[PDB]
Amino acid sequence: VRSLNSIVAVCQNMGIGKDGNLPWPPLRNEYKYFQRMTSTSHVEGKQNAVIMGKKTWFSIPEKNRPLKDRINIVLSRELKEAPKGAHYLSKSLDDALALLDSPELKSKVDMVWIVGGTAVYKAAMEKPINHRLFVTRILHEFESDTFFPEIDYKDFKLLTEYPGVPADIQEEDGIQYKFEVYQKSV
């Protein structure tokens, strides 16, 4: 596949989760952002693919599965078949990657989005492939039990601007955050 996209929201301590959920209470605007980014395809008749870990899939309220308008791929070394509502189950990122290149998929899919968790982000980041990382930096700390892996600042260059990503500091529910896009060129 040409390139990857990963999207995550992180707080000051690099936490991305707590007790099987997000560390902060709901932020509407950030959510819409996530939906818009992962769902929008730039080609008619095609859809985006989202890849996620087992825990992440299960963190989504059952009635909200799978993420509508995207091909949901869940990774697990343990499951024997895709969880109810998921489109495909893969045993590794590589497997998922191969799957995508498969004929059936290849023609059906526009963009690939990595939606976490930890181990998933890490694996995608290590692939020597063109990758864009969309980060929402929440400028506050919340107790977290799950964290974003460390990004190689030598590989991933922070863009100073990106089409359709606001530059300013955003605020909502008395909380501030900023969007940042990092890019790795292979």
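Start at 1 and count along the sequence shown; that's the residue number.
Mean CA temperature factor is higher for 160-168 when stretches 160-168 and 173-181 are set side by side in the entry. Looking at mean Cα B-factors across 86-94 and 109-117, the upper value is held by 86-94. Residue set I138, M52, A123, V43: peak C-alpha B-factor at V43 (per PDB entry).
When all modelled residues of the chain are sorted by CA temperature factor, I71 is found within the middle third. When the CA B factors of the chain's modelled residues are split into thirds, the value for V186 lands in the highest one. In this PDB entry, the Cα temperature factor of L133 sits in the bottom third of its chain's modelled residues, the lowest group. Looking at the C-alpha B-factors along this chain, the one for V1 belongs to the highest third. Among the modelled residues of the chain, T56 sits in the lowest third by CA temperature factor in this PDB entry.
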